[PDB]
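K.L.:
fold the following, please.
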Amino acid sequence: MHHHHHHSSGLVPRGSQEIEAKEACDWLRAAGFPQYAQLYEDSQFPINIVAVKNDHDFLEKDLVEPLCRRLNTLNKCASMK
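P.N.:
Residues are numbered from 1 along each chain as shown. You can find the structure just below:
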């Protein structure tokens with residue numbers, strides 16, 4: 001394994017954040033946790049995410065990961081700048 005071995009990944013958030021936002025909240029309900037989204041409308045989205053994914057979200061680990069994506073996504077768009 002030569003030193004020329006790695007896996008980089010760019011980042012393009014600022015853009016689809018719009019469609020991602022509406023989905024993020026509309027996804028939490030489809031994922032099985034409509035309790036979270038309910039916060040979006042309240043704007044209480046930005047908060048200790050990590051402590052949240054643990055707080056309630058405990059069903060399926062594959063459902064915990066994406067949960068950090070939407071929350072982390074809206075948590076930014078929920079700032080209304």
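
K.L.:
all helices for this structure, in order.
P.N.:
17-31, 34-40, 49-55, 65-77 (DSSP state H).

K.L.:
ok, residue 11 to residue 48 distance?
P.N.:
Relative to residue 48, residue 11 is positioned 22 Å away (C-beta to C-beta, to the nearest Å). (C-beta placed from N, C-alpha, C; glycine too.)

K.L.:
is residue 24 in contact with residue 70, as I believe?
P.N.:
Yes: taking C-beta atoms under 8 Å as the definition, residue 24 is a contact partner of residue 70 at 3.5 Å.

K.L.:
compare residue 11 and residue 48 (neighbour count), which wins?
P.N.:
Between residue 11 and residue 48, counted using other C-beta atoms under 10 Å, the more crowded position is residue 48 (9 against 5).

K.L.:
mind listing what the more buried one touches?
P.N.:
Counting by C-beta atoms under 8 Å, 6 or more residues apart in numbering, residue 48 touches no other residue.

K.L.:
for residue 29, same thing?
P.N.:
residue 37.

K.L.:
with residue 62 instead?
P.N.:
Here residue 62 is in contact with no residue (C-beta under 8 Å, 6+ apart).

K.L.:
how close does it sit to residue 79?
P.N.:
28 Å.
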